[PDB]
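Report on one structure; see the data block that follows.
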Amino acid sequence: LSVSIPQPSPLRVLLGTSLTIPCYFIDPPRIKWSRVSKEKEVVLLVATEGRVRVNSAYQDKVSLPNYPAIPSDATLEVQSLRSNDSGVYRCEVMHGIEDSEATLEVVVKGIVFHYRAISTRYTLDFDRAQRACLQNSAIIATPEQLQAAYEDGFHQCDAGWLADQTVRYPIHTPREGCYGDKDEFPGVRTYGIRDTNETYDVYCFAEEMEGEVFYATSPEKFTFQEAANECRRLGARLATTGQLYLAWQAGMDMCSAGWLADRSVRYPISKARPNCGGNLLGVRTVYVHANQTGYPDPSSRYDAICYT
Ligand SMILES: *[C@@H]1O[C@H](CO)[C@@H](O)[C@H](O)[C@H]1NC(C)=O
Ligand SMILES: *[C@@H]1O[C@H](CO)[C@@H](O)[C@H](O)[C@H]1NC(C)=O
Ligand SMILES: *[C@@H]1O[C@H](CO)[C@@H](O)[C@H](O)[C@H]1NC(C)=O
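Taken in order, the sequence shown gives residues 29 to 56, 71 to 350; the numbers are from the entry's author numbering.
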């Protein structure tokens, strides 16, 4: 029997959107969809004789849309794409003693990050929240993107605007003053549709980044103006928050503090990368505190985080 996935290998899809992997087989039967992510492989579903049995974790998430209406079409559909769903998907068709397989890499692009232009909380109406997202090399995040970010581990007890004019915030362990509409249950708390002129923070979605982000330093660091002038001296400019988080997502160790474009300094952190300046290999991390952001005096001395 023959199996084919007619799609170029680096299949790129956005965060929170859907995914369709075409898989067609010829049998001169049982279908299995699995996914290898780094070192872990997860069986997504197994179909046979018209019935599909789906992984419990991927319930209402993966499906075979054209099966069994077209019994020779093992096309897979994956909904609500979190950045975890990246990896190499395997479509394997087996009959009796024969079996064939095909693979396809999926790269879920984009990252959802918080923005608050100054240390003052909740200062952006809907329009100016969108403007802040635009000025930080991003768009205003859709609620699906924020849901995927929460499913990936994002948590911040700060209400922020979204694309659908709603104001939400994700939380895994409910805290005092952070329960919202989910009681003491985890989830993405929402305030519903709000008036276009209510002030909150913003949740932005940074999709892609064509240039590169790097640290420009000096023996005495830089004041903010010196950092901007150092970036401009190298034919570059101070990286925005979206560019910073896109570089940090791509694997660049941006944990060290440095001047960003908006006179702010962020310390990106996660459960996988909780340390800075090194790593503690004999220790695993379960919980990690929310991302920290300082709005230092313009005279403070840091590295420059330039983008080119
Ligand atoms: C920090 O922000 C990044 C990007 O917004 C996110 O992926 C990460 O989960 C955040 N960390 C925490 C602990 O919320
Ligand atoms: C990613 O997905 C795998 C398989 O579903 C799961 O075991 C793992 O905990 C997830 N990790 C993150 C960081 O989302
Ligand atoms: C916002 O707009 C509404 C209706 O357009 C108006 O009544 C209200 O005064 C405005 N400001 C605030 C803070 O709600």
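Every residue gets a Cβ at the ideal spot worked out from N, C-alpha and C, and that includes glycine.
- Message: Once DSSP output is grouped into helix, strand and coil, what is the label at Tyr349?
- Response: The residue labelled residue 349 in the question sits at position 307 within the sequence shown. Here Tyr349 sits in strand by DSSP.
- Across which residues does DSSP place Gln267 in a beta bridge pair? Working through the sequence shown from its first residue, we reach residue 267 at position 225. Partner(s): none; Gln267 has no beta bridge.
- Query: Just how far apart, CA to CA, sit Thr208 and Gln177?
  - Reply: Counted from its first residue, the sequence shown places residue 208 at position 166. Counted from its first residue, the sequence shown places residue 177 at position 135. Straight through space, the alpha carbons of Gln177 and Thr208 are spaced by roughly 21 Å.
- Cβ shell of residue 361 (< 6 Å), same chain only, five flanking positions each side left out: Absent from the structure is residue 361, since the part of the chain shown begins at 29 and ends at 350.
- Candidates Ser122, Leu166, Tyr221, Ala159: closest to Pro185 by CA position: Counted from its first residue, the sequence shown places residue 185 at position 143. For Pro185, the nearest C-alpha among the options comes from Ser122.
- Item | Inter-residue Cα distance where the pair is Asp304 and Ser341 | The residue you call residue 304 lines up with position 262 of the sequence shown. The residue you call residue 341 lines up with position 299 of the sequence shown. Each residue's Cα considered, the two are about 14 Å apart.
- Query: Should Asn239 be counted as a contact of ligand 3 given a C-beta to heavy atom distance under 7 Å?
  - Reply: Walking along the sequence shown from the start, residue 239 turns up at place 197. Correct: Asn239 has its Cβ closer than 7 Å to ligand 3.
- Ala99 Cβ short of 7 Å to ligand 2 heavy atom set: The residue given as residue 99 occupies position 57 in the sequence shown. Checking the Cβ of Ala99 against ligand 2 gives yes.
- Would you kindly work out how many angstroms separate the C-alpha atoms of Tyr257 and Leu29, rounded to a whole number? Counting from one through the sequence shown, the residue named residue 257 turns up at place 215. Counting from one through the sequence shown, the residue named residue 29 turns up at place 1. If I take the Cα positions, the gap works out to 53 Å.
- Query: Got a sec? Which residues, its chain only, sit under 8 Å from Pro310 by beta carbon, not counting five neighbours each side?
  - Reply: By 1-based counting over the sequence shown, the position of residue 310 is 268. The beta carbon of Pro310 lies closer than 8 Å to those of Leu286, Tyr287, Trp290, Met296, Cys297, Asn333 in the same chain, with the five residues before and after it left out.
- Task: Would you check if the stretch 234 to 245 and the stretch 321 to 337 touch, i.e. whether three or more CB-CB distances between them fall below 8 Å?
- Result: By the Cβ rule, the stretch 321 to 337 does not count as touching the stretch 234 to 245, because fewer than three pairs are nearer than 8 Å.
- For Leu286, which of helix, strand or coil comes out of DSSP? Here residue 286 refers to the residue found at position 244 when the sequence shown is read from its first residue. In this structure, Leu286 counts as helix in the three-state DSSP scheme.
- Could you give the residue range of the beta strand (DSSP E) that holds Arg40? Here the question's residue 40 lines up with position 12 in the sequence shown. Unbroken beta strand (DSSP E) run through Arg40: 38 to 42.
- Neighbourhood of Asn97 by C-beta distance below 8 Å, restricted to the same chain and skipping five residues each side: Working through the sequence shown from its first residue, we reach residue 97 at position 55. Result list for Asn97: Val84, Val85, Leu86, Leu87, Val104, in chain order.
- Message: On the DSSP letters alone, give me the boundaries of the alpha helix (DSSP H) that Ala89 sits inside.
- Response: Within the sequence shown, the letter at position 47 stands for residue 89. It is not in any alpha helix (DSSP H) - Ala89 instead sits in the beta strand (DSSP E) that spans 82 to 90.
- Message: Only counting the same chain, and skipping five residues up and downstream in sequence, which positions put a Cβ closer than 8 Å to that of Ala205?
- Response: For the purposes of this step, residue 205 is taken as the residue at position 163 of the sequence shown. Non-local C-beta neighbours of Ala205 in its own chain, meaning closer than 8 Å and more than five positions away in sequence, comprise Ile181, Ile182, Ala183, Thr184, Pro185, ordered along the chain.
- Query: CB of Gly293 to nearest heavy atom of ligand 2: below 7 Å?
  - Reply: Sequence index remark: in the sequence shown, residue 293 carries index 251 (1-based). No.
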